[PDB]
Student: 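Take this structure first; my questions come after.
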Amino acid sequence: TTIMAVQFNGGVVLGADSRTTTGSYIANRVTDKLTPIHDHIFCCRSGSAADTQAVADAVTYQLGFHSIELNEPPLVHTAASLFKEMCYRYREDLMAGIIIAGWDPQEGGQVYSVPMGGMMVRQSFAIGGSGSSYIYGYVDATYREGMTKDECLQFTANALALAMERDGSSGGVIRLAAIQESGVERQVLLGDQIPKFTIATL
Amino acid sequence: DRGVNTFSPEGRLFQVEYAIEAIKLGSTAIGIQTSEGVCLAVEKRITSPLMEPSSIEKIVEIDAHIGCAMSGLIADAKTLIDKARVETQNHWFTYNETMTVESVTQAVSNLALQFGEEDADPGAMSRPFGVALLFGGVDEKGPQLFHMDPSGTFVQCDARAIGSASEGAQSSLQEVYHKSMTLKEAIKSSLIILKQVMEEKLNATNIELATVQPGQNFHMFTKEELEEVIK
Amino acid sequence: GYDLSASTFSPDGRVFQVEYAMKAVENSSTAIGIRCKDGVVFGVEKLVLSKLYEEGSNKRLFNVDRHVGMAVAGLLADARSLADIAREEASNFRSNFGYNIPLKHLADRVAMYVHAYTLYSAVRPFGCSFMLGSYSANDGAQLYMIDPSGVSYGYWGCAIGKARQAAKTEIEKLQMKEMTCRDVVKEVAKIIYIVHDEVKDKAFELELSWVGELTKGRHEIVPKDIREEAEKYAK
Amino acid sequence: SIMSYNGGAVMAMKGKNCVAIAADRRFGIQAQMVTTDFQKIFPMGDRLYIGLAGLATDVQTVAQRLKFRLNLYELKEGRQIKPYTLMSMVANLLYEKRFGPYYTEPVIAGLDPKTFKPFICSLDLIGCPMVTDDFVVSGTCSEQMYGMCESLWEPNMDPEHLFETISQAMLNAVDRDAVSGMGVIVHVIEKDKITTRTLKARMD
Amino acid sequence: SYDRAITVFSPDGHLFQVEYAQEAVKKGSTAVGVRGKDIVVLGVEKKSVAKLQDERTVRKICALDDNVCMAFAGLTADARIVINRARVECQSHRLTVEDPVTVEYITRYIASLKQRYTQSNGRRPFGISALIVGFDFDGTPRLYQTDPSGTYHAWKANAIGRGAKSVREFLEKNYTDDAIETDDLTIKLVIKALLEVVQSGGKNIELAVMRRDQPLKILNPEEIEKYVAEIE
Amino acid sequence: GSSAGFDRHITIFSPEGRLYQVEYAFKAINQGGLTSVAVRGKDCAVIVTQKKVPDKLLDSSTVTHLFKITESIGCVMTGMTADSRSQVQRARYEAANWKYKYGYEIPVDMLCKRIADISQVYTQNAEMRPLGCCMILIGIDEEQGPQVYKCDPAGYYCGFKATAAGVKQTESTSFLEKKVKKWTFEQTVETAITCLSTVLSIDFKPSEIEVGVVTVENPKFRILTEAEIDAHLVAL
Amino acid sequence: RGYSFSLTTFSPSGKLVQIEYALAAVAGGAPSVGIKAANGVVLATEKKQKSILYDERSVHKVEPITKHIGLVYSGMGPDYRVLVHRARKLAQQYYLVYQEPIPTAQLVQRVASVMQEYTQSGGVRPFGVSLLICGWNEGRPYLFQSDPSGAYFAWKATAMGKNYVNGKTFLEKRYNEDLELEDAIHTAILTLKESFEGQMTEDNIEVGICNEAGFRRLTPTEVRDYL
Amino acid sequence: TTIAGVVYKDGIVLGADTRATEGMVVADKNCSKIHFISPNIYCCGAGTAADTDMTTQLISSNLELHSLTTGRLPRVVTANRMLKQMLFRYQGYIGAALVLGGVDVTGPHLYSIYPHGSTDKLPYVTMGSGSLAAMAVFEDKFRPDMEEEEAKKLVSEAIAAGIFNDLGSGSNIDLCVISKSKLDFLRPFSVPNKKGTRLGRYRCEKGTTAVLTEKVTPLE
Amino acid sequence: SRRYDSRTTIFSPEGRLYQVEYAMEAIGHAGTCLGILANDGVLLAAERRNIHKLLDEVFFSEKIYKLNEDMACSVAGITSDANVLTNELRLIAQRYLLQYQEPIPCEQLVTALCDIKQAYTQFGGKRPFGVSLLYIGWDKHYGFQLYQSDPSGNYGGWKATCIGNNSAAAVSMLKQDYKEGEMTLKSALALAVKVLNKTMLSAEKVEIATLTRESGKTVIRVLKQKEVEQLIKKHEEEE
Ligand SMILES: *[B]([O])([O])[C]([C][C]([C])[C])[N]C(=O)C1=[C]N([C]2[C][C][C][C][C]2)N=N1
């Protein structure tokens with residue numbers, strides 16, 4: 001699994017792979033890891049498929065009801081706090097690595113990291129999954145403040161592509177998402193559209 | 001109709017006020033506290049010659065150093081007497097020492113007002129205990145006589161009389177009791193007062209006297225002993 | 001016999017027990033609330049029943065949160081428990097969603113708890129009314145009011161208690177919207193000195209609490225100096 | 001294995017208009033035989049029999065609890081229980097203890113009330129119904145029983161032809177198992193009779 | 001579950017519910033009890049002596065243990081509940097202590113359960129009285145009597161139910177130290193007490209004696225007819 | 001008109017087999033002093049309610065009888081205000097619970113039925129009283145188009161073409177009865193306003209009522225603005 | 001909390017007035033007619049809202065409990081919704097254990113048990129509705145009637161609601177043993193026409209039939225032709 | 001066990017084998033693995049046989065109750081949610097991996113539910129021990145918007161791949177075609193295996209088995 | 001809450017329990033049920049109060065129920081209360097047979113149901129069961145038996161009894177017509193019919209059930225329409 005979320009002025013850019021493996025076998029080669037929690041709030045799932053789906057459904061329910069009572073677009077921090085609560089409560093029973101990223105009228109585009117234990121930390125960009133270990137040095141040397149919504153989409157596509165080649169648990173296609181104030185725009189990157197890097201050869 | 005936890009206009013719980021009126025129909029029990037022990041005496045009041053008078057236990061043993069005389073609804077007092085027995089046994093198990101007379105009276109007075117219909121459990125009282133108790137024992141402070149009624153108010157008294165003829169007996173103790181009176185003198189005074197307020201001619205099988213002295217334990221006078229002071 | 005329980009409607013269609021609980025709020029002292037351009041000012045005329053009491057005893061103004069205030073009327077024992085109920089809701093909300101609870105939501109949450117005591121025979125309706133005031137950068141200056149029936153509404157200037165029909169005609173002459181908070185305090189202490197009966201009633205302490213931009217969105221009791229000067233302006 | 005503690009084997013076969021249910025009679029704790037007449041087949045209503053194999057304590061418990069349910073069911077809706085309905089009832093009972101199941105593999109055999117159509121089935125410990133058209137085996141020697149029935153069973157046998165097949169299958173299957181045998185009881189259920197005979201087996 | 005206070009005090013310090021439970025005991029059949037020297041007797045008047053009713057299914061005398069037995073007066077349905085709870089305590093006492101229960105121990109338990117129902121929520125007091133009779137380990141015959149309120153006393157001879165006062169007065173003047181001298185004498189005193197509160201006594205009386213080291217023995221009609229002939 | 005025992009105090013059958021307590025809750029709906037009108041069109045549903053403002057100090061915005069149950073379901077409450085919010089809170093929870101358990105948005109007739117079932121429990125249990133309010137939900141069904149439902153304090157609910165509630169319920173239903181025997185987005189709104197105006201005889205101004213609509217082209221429940229409600233007001 | 005004492009108690013004459021008052025509510029509701037006829041059972045009811053604003057297609061009086069069991073009622077509407085939901089859960093529960101459609105007689109007994117529980121339980125009143133269950137199992141038709149007290153009777157042809165005594169006379173002298181389902185509907189609607197006040201249409205009544213194929217609720221078209 | 005399903009032009013085609021083993025022994029050579037959830041929704045189930053039946057039987061009764069209430073046709077999402085939520089609550093202890101396929105108002109949907117509670121909405125799925133063999137056929141011949149007859153042939157080849165390459169699957173092939181206007185439950189669809197003919201008879205002539213006891217009882 | 005309370009399980013001044021006494025009044029307005037004990041069996045002759053020209057026969061009986069293999073009973077009172085009571089009786093008999101693996105004795109069963117009836121008259125604050133039962137059965141300890149039970153929880157064994165409409169009139173007739181110890185099933189049926197007629201008959205207005213022993217097996221059977229019809233004709237010959 002290789003999920004990634006970066007942010008720009010307008011909003012945020014999400015990305016993930018689509019491989020679901022049960023051992024050394026790919027049960028689902030086109031999994032959709034990016035899950036919408038609300039209109040402008042998404043979340044990348046990593047870890048256990050059953051655990052991340054159960055939590056996302058629960059949070060989506062709680063956030064929807066909360067947003068209907070307050071009669072206002074929910075805050076991205078509120079969605080991240082809900083996720084964090086369940087992730088911390090059942091930390092000994094769940095295996096998730098959720099990355100909440102959305103856009104709200106108050107703070108704009110935000111990216112939150114909710115790792116296994118259940119802690120919540122806001123970053124400008126976050127990477128998760130088993131294939132995120134190979135691109136830690138790449139994102140630290142390529143990320144630059146001031147990236148636009150176009151550069152963020154190329155930055156995420158480049159990092160995900162590099163992690164899919166080295167990780168056996170990551171592969172398939174690339175599902176991107178650019179969330180701004182206007183709305184959400186999904187986009188898939190297949191074979192030819194997936195960034196390629198010449199393999200060192202003698 | 002009202003609930004069990006209803007206050008009257010004068011500021012009194014109806015149930016407790018009726019429970020105090022039920023103690024005026026019970027047998028009389030005079031208790032006199034001295035310096036050389038406490039003495040308790042109750043009027044057995046047998047209603048039939050076929051009725052065995054040895055089955056009437058108005059005075060019980062809470063512990064070796066504590067006795068108890070009850071009046072009013074005797075059946076309700078069997079639950080309070082057991083609580084006191086378990087309380088003094090529990091104290092010994094935890095602190096390896098005898099409980100004081102005032103401590104035993106305090107633990108029995110806590111259940112006095114523990115009753116109600118709503119917000120209650122299966123094993124909860126539905127009404128108050130219509131009985132009065134006279135606790136007499138000997139601790140570190142020496143002879144001590146306590147009195148506890150249905151309201152849950154326990155006070156200390158040098159001489160107390162509870163029962164049907166309490167008013168008449170209480171007054172006879174106010175002018176025949178002094179601080180230097182002996183334990184043997186107290187036993188006669190009680191017997192004399194009991195004989196006056198009783199309907200049947202006092203005898204060895206009618207009443208029941210008990211005494212608790214400093215160095216000794218709780219003791220219930222037998223027929224022989226009772227007869228000695230009767231003549 | 002249709003006014004002994006809250007789970008009984010009368011022939012005309014009224015819940016007498018809830019109407020009897022509103023009678024208790026009309027016997028208490030007058031408390032007013034005024035919302036302006038950047039805050040809310042609470043003015044409660046504390047009626048001192050004795051000279052033995054300390055100046056400040058039996059307060060009718062509490063902070064339910066760090067940005068929310070609460071002025072009460074009617075039974076004080078009931079109102080104190082409602083203030084603790086409002087504190088729990090505000091505290092539980094911050095531990096769930098991670099931020100201060102909106103006044104509109106806090107009012108609704110506490111009004112729903114008050115409406116639950118007006119349906120059964122096992123309990124009785126609260127015999128008190130109260131106002132909730134707060135200030136938020138994103139929101140603004142809010143002022144809600146809840147009565148014994150569990151009804152909560154938004155206001156510009158509210159008044160509860162005995163003299164509330166006479167205190168509402170004094171708050172109607174003010175142009176709260178354009179007004180600030182330091183200028184409102186005076187007017188708030190002036191209306192409480194006008195509605196208060198010096199004959200029927202005896203000594204009375206004037207309470208004053210506010211919450212707005214001035215105190216950076218934090219609800220507090222109006223400063224002694226500013227309260228003392230406002231009390232002189234009323235006289 | 002817990003199932004191989006008491007041994008035993010039950011078999012049910014289907015005929016033209018009849019059914020047969022056979023079982024071993026040896027009751028024993030591990031390698032030691034206690035009695036040689038333990039009941040493993042119980043009557044659930046005239047033309048309905050249930051054979052239980054596995055833990056002897058669970059064989060008696062399940063037979064008694066099923067009877068308790070069967071009695072209430074027949075009293076409530078005053079009618080004879082149908083073979084297929086009994087299987088669902090038994091399966092439901094076994095599935096209640098899905099995580100602390102009874103160690104017994106039931107084998108139901110009987111004729112449908114009024115229609116008199118043969119019916120045989122088997123269930124696992126957690127109540128997994130399996131209705132077949134030829135035979136059903138349950139025990140510590142199912143492999144041996146599977147091999148016998150596979151090459152002996154015929155499509156439409158009669159009461160006498162069916163009795164010979166189920167007896168030869170059981171007699172030769174329990175002779176290859178050590179903790180199974182000590183007599184064989186066979187019940188042949190017909191439309192108007194219930195023949196029950198004990199075969200002359202090896203006492204080993 | 002019901003948690004209403006049924007038994008409560010009244011203006012004069014009375015407990016009406018318990019008083020109505022004692023009123024139900026007065027409408028019951030007369031149950032007489034006489035303690036002898038080596039034999040305890042129990043007599044019960046049979047009001048509804050229908051000829052079409054199995055008399056073994058409607059008896060007032062029961063056995064709690066092998067040394068304890070009892071008779072009652074009041075609501076039969078309640079007596080059954082009290083009788084079966086006492087039977088479980090006898091078996092419980094035998095399991096905790098090697099020896100069998102003493103007459104007083106079981107009487108105390110029966111009376112304590114009655115007092116429990118007169119002070120708890122959702123329940124009403126028992127409408128029966130009991131005459132527990134038996135022998136202890138020492139061989140001392142015992143006779144106790146429990147009532148609806150929960151109080152019990154030891155007796156030498158007592159009667160309960162309708163017309164219990166008339167029989168009690170007859171025992172006071174007739175129970176001496178010569179009337180219970182012999183086995184038959186003690187059994188004849190119980191049959192004589194029931195003859196003053198019954199119609200054509202002899203075929204409407206059911207008694208059971210309990211001798212030392214022996215189980216309950218219910219004397220049938222024939223045996224009771226032989227005793228009535230000696231009292232003529 | 002006969003009675004015995006405590007039939008007028010608790011929800012228990014009377015001699016004639018009626019529930020006086022439930023009938024007293026229908027008179028509590030008129031206590032509020034307002035009227036609601038919902039008219040079903042051909043491709044839209046329109047909710048029209050009276051927006052009275054007793055005091056000028058009252059923050060008008062907060063005063064409303066229209067609520068957003070879901071993204072496509074809206075409703076109007078009539079009667080006891082406190083009861084109304086309670087019931088509106090119940091409908092929001094039941095609607096949110098339905099989507100989380102079944103995976104799809106709750107139908108307008110299912111929600112109404114579910115809320116009516118909860119109201120029937122108050123008519124059977126004697127420890128609590130029924131709610132003195134009404135609910136009129138309007139939503140757009142994916143198969144049957146626009147829907148207008150209504151459940152009352154007795155636990156009875158139904159589907160309508162045009163409904164009314166409040167003090168003037170018989171007036172608005174007798175006027176809607178003759179109008180239905182004889183509708184587009186504007187025609188569905190104008191018929192509601194006229195019914196509400198001809199029965200109350202007030203000739204409403206802009207800020208004096210509130211309208212809620214759910215069209216087939218835009219299923220999201222929405223509240224018309226001050227400048228949106230005025231356009232229809234100057235059309236007649 | 002809730003009351004824990006019985007609301008329905010015995011009177012001095014030995015009558016359970018609460019149940020008797022609930023039967024009076026059932027006797028004032030819309031008339032219902034059940035007819036069992038050889039190859040099937042028919043249930044018809046006066047579904048007239050009489051106002052012309054109510055949606056006739058929305059509400060339903062005749063409901064299907066299962067695939068072979070139909071239900072109809074007389075009395076209170078909201079009370080019937082509770083019993084229909086209970087009857088549907090009882091049929092599902094039974095099918096989850098025996099894996100076979102619950103017999104009509106078994107369902108009535110189970111549903112009558114629920115109605116008897118509201119006549120003895122604490123803080124509740126008896127259901128103010130009388131049901132007319134109909135089913136088809138084991139190649140045979142069934143018609144049962146469960147009143148407010150919890151008692152159930154097996155009928156051949158019956159009628160509840162308003163003018164039920166009048167319909168029982170018109171049904172006792174117009175119903176025949178050897179009757180077919182198709183002809184059974186004709187006499188079921190004719191019995192409802194003897195106390196229908198106004199004009200009977202295809203949207204004023206609701207008819208549900210039961211046969212070998214399973215319970216079915218006749219559509220407006222079918223009824224129209226029959227009328 | 002080999003269960004599979006695909007989504008063709010206008011419907012869903014489910015398939016499965018009919019062999020049930022008790023270890024390495026064939027207990028049932030003709031068991032049904034395709035369960036009925038509702039009129040428009042069916043379910044193929046592998047994993048623990050007992051759990052697969054009980055879970056589908058419970059969800060089918062819940063969907064039937066829901067259908068009676070709403071009065072509409074059940075959705076595939078509803079069945080999916082119910083299954084996935086219940087499966088997740090037992091923490092994987094209910095070994096039931098099923099292939100859920102049906103056609104509703106939104107169209108034809110095919111899901112795959114795993115024991116732990118995870119689901120996957122794909123155009124074709126395979127479950128069981130012979131899942132990899134059937135997946136190879138789907139990853140080599142599957143095309144979108146296939147014809148009904150083409151989908152039946154492709155799903156038959158997938159079940160056949162598992163039946164002949166996996167030891168845990170055998171017997172016949174079961175198919176189930178669910179479309180917008182029909183529901184064709186073809187059992188069996190294809191019989192690729194047939195027991196060999198006997199080479200000789202082994203009939204047990206009467207009297208070949210000795211009897212120690214004998215008791216006949218005449219039933220009414 | 002305490003004002004709406006009716007206080008069902010409460011004593012009264014006379015010391016009686018009103019609720020239980022009011023339930024006994026409802027049993028006197030029910031179908032007459034009579035039981036007679038013979039030497040080779042015991043029968044139940046109850047009158048059918050559910051008569052009409054539009055009622056189906058459907059069930060096997062209307063008042064007589066089967067508790068278990070060797071027991072049966074006839075109720076008289078609230079019909080819905082019997083449905084609850086008789087279903088509980090079946091449970092008690094099944095629980096006992098599951099414990100000792102033997103049929104529950106008749107007196108033990110009747111006693112167990114009476115403990116439930118008496119619990120509703122002492123606590124719980126609920127109305128008592130308004131039904132009276134008649135039991136007939138056979139056990140290895142006492143053979144054929146006949147028990148009666150009322151709403152208070154009281155029970156007793158009889159030889160001949162009657163509960164329902166005319167209990168007092170029927171009881172008197174049985175008193176002067178029951179030859180104790182010399183009664184046969186055949187001669188008992190006459191007694192039932194003779195008493196049933198003089199206390200109210202057609203062959204559809206009544207229902208009879210007999211319980212006899214055949215080859216170490218209890219046999220309970222309801223007499224058929226024709227079977228009863230003949231009995232009714234034979235009583236007319238003596239009248
Ligand atoms: B990722 O590889 O971390 C990915 C993230 C999920 C899709 C949100 N996890 C998995 O690959 C994965 C696979 N599984 C199950 C294993 C058992 C069989 C069913 C699938 N769980 N997580």
Side-chain angles (χ1 to χ4, degrees), chain A residues 1-5 14-37 42-60 83 86-87 90 93-101 113-116 126-135 159-160 163-175 177 188, chain H residues 1 3 44-48 51-52 55 80 83-85 87-88 90-100 111-122 125-132 135:
Chain A
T1 284
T2 307
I3 37 155
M4 186 192 180
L14 289 103
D17 62 308
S18 70
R19 148 152 345 162
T20 299
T21 29
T22 73
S24 259
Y25 171 62
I26 298 150
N28 191 355
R29 67 161 169 121
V30 292
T31 299
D32 202 334
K33 278 144 201 205
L34 303 191
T35 292
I37 302 312
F42 271 49
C43 105
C44 343
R45 291 173 306 110
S46 110
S48 161
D51 289 349
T52 47
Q53 276 171 22
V55 171
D57 280 328
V59 161
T60 297
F83 263 106
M86 349 199 28
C87 292
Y90 318 94
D93 318 293
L94 305 162
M95 234 256 189
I98 319 269
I99 276 176
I100 294 103
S113 224
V114 178
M116 306 248 135
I127 60 189
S130 31
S132 71
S133 288
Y134 316 114
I135 46 140
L160 286 174
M164 277 152 99
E165 315 253 346
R166 293 299 186 162
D167 203 21
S169 329
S170 327
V173 299
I174 282 170
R175 265 160 224 280
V188 194
Chain H
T1 286
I3 57 168
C44 270
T48 294
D51 275 327
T52 275
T55 280
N80 180 64
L83 284 172
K84 123 211 263 213
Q85 262 164 19
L87 275 180
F88 178 84
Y90 277 97
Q91 277 295 290
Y93 284 111
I94 284 216
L98 8 110
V99 167
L100 196 75
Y111 295 85
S112 65
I113 299 87
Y114 289 84
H116 282 309
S118 29
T119 69
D120 286 285
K121 211 181 139 307
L122 306 140
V125 300
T126 48
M127 303 253 184
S129 64
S131 143
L132 300 232
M135 191 27 91

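The sequence lines fix the lettering, A, B, ..., with proteins before strands; numbering per chain opens at 1. We count ligands from 1, going down the list as the structure has it; atoms in each ligand are counted the same way. Reckoned from all heavy atoms, side chains included, excluding hydrogens, waters and symmetry mates.
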Student: Quick one: nearest non-hydrogen protein atom to atom 18 (C) of ligand 1, plus distance?
Tutor: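 Result: A:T22 CG2, 3.2 Å.
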
Student: Counting from 1, what ligand 1 atoms have a heavy atom of H:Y114 closer than 4.0 Å?
Tutor: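 Those of ligand 1 that fall under 4.0 Å from H:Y114 are 19 (C).
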
Student: Test your reading of the model: is there a side-chain donor-acceptor pair from A:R19 to the backbone of A:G168, 3.5 Å cut-off?
Tutor: yes

Student: Any idea which protein heavy atom is nearest atom 22 (N) of ligand 1, and the distance to it?
Tutor: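 Going by distance alone, atom 22 (N) of ligand 1 is nearest to A:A49 N, 3.2 Å.
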
Student: For A:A50 versus H:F88, what's the shortest heavy-atom pair and its separation?
Tutor: O-CE1, 3.4 Å

Student: What do you reckon, does A:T21 have a nitrogen or oxygen under 3.5 Å from a nitrogen or oxygen of ligand 1?
Tutor: yes

Student: Considering heavy atoms of the protein only, find what lies nearest to atom 2 (O) of ligand 1 and give residue, atom and distance to 0.1 Å.
Tutor: A:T1 OG1, 2.2 Å

Student: Answer yes when A:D57 and H:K84 have at least one side-chain N-carboxylate O distance shorter than 4.0 Å, and no when they do not.
Tutor: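 The answer is yes: the pair qualifies as a salt bridge.
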
Student: Donor-acceptor pair, A:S18 side chain versus A:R29 backbone, under 3.5 Å?
Tutor: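 Confirmed, A:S18 side chain pairs with A:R29 backbone.
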
Student: Hey, is A:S130 one of the residues with a heavy atom under 4.0 angstrom from ligand 1?
Tutor: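 Heavy atoms of A:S130 never come under 4.0 Å of ligand 1.
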
Student: Between A:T20 and ligand 1, which part of the residue brings a heavy atom under 4.0 Å of the ligand: side chain, backbone, both or neither?
Tutor: both

Student: Would you compute the distance between atom CG of H:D120 and atom OG1 of A:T20 and round it to the nearest 0.5 angstrom?
Tutor: 5.5 Å

Student: Which atoms form the tightest heavy-atom contact between A:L94 and A:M86, and what is the distance?
Tutor: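 Answer, listing the atom of A:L94 first, then A:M86: CD1-O, 3.7 Å.
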
Student: Any idea which protein heavy atom is nearest atom 9 (N) of ligand 1, and the distance to it?
Tutor: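 The protein heavy atom lying closest is A:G47 O, 2.9 Å.
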
Student: Show me which atoms of ligand 1 lie under 4.0 Å from any heavy atom of A:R45.
Tutor: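 With A:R45 as reference, the close atoms of ligand 1 come out as 8 (C).
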
Student: As an exercise, state the distance from CD1 of A:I174 to CE of A:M164, rounded to the nearest 0.5 Å.
Tutor: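 One gets 4.5 Å once the value is rounded to the nearest 0.5 Å.
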
Student: For A:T52, counting its heavy atoms only, list the atoms of ligand 1 lying under 4.0 Å from any of them.
Tutor: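 Near A:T52, the atoms of ligand 1 are 8 (C).
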
